[PDB]
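The data below hold one chain only, encoded as structure tokens and taken in the form deposited in one PDB entry.
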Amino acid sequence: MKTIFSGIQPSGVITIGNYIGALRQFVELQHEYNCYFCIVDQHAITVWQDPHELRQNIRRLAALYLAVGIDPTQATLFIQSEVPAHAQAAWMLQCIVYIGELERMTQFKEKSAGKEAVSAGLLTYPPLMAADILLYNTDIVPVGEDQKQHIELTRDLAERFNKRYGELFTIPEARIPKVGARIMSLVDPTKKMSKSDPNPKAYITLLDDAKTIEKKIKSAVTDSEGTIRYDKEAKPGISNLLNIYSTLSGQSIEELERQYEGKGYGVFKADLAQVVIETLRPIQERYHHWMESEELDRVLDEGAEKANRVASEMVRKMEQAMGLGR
């Protein structure tokens, strides 16, 4: 089947936004495509990290992924640093990307108007991200609009290597999520929901306890028109909710609209709060099981093991081409 590569930043907290937005679709797609979910712990190292925290967020995230329903028999789920071929392909690639490309990388604005105290890893992580992808011949990479630009580079590098040394890499393609379900903030209906929002009430975490979920939805921003009707502009808040509610409950917006035909936001919120709680419960359970179970490690081991197998071979062929070793 085709292959799909997904790099997951280790952050131990994914919003109901990631879930609706992409996570969910994978639980299904994982039986059709060949999927690799790499906990890129080497990329997370370019910025300060607290050793313990990082070590912890890598478990939390793997645990989570399995809970949501990723099938370790069906797909490969590994930590990035446990497959050395990654760091090796990173260097080989660092050698064919010209320095200009990295600087003209629309993200290096982190230069801080002359801060100059940035970790070189910050200017150099693209070659590594290119490695990550090219190593498994991935055909598709599910990236957001914000990323596209990086997938552009790896497309380039790949083509550059392929031409200089011979067809070896598959030129990937940046695919997006199923469109329509763009989950906005709870406190600001125009802003996208993200872990990185400074207001905790703008997002709900898969591990938010009932009470928290209830409190946050209650605070969700609405309008004063008081009618449950979909309106991208004019009625943003209500429309965001309607999307969340729908995607999770499985009802159409129209259905939800009519069903709340003569009611107001008070009851609507209370009903939504519940369908959310009802949707996370099994996840928070399974997650906790996964976290304390020794089975996690085993799944991570057989994951690396499955990854490494492919990587090793890819690296081996690269060295052959480049002309390294023996």
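The first residue of the shown sequence is 1; numbering continues from there.
A second form of this protein, the form deposited with a small molecule bound, is not displayed here; the remarks below concern that form.
Undergrad: Considering the small molecule in the entry with it bound, which of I228, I244, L186, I133 comes within 4.5 Å of it through any heavy atom?
TA: Of the candidates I228, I244, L186, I133, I133 is the one lying within 4.5 Å of the small molecule in the entry with it bound.
Undergrad: Which one, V141, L102, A75, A90, lies within 4.5 Å of the small molecule in the entry with it bound by heavy atoms?
TA: Looking at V141, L102, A75, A90 one by one, just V141 meets the 4.5 Å heavy-atom criterion.
Undergrad: How about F161: is it within 4.5 Å of the small molecule in the entry with it bound, going by heavy atoms?
TA: Because no heavy atom of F161 falls inside 4.5 Å of the small molecule in the entry with it bound, the answer is no.
Undergrad: Might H43 be said to contact the small molecule in the entry with it bound, defining contact as any heavy atom within 4.5 Å?
TA: Contact with the small molecule, yes.
Undergrad: May I ask you to state whether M129 is within 4.5 Å of the small molecule in the entry with it bound, using heavy atom distances?
TA: Within the cut-off, so yes.
Undergrad: Against the small molecule in the entry with it bound, would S6 count as a contact residue? Criterion: heavy atoms within 4.5 Å.
TA: Yes, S6 is a contact residue.
Undergrad: In the entry with it bound, does each of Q107, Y125 and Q147 have a heavy atom within 4.5 Å of the small molecule?
TA: Checked in the entry with it bound: all three residues contact the small molecule.
Undergrad: Pick from 219 to 227, 133 to 141, 206 to 214, 94 to 102: which stretch has a heavy atom within 4.5 Å of the small molecule in the entry with it bound?
TA: Only one stretch qualifies here: 133 to 141.
Undergrad: Quick one: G12 and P72 C-alpha atoms, closer or farther in the entry with it bound compared with this form (3 angstroms or more)?
TA: More distant in the entry with it bound, by 3 Å or more.
Undergrad: Closer or farther: the C-alpha atoms of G180 and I151 in the entry with it bound, versus the form shown, with a change of 3 angstroms or more?
TA: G180 and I151 sit closer together in the entry with it bound.
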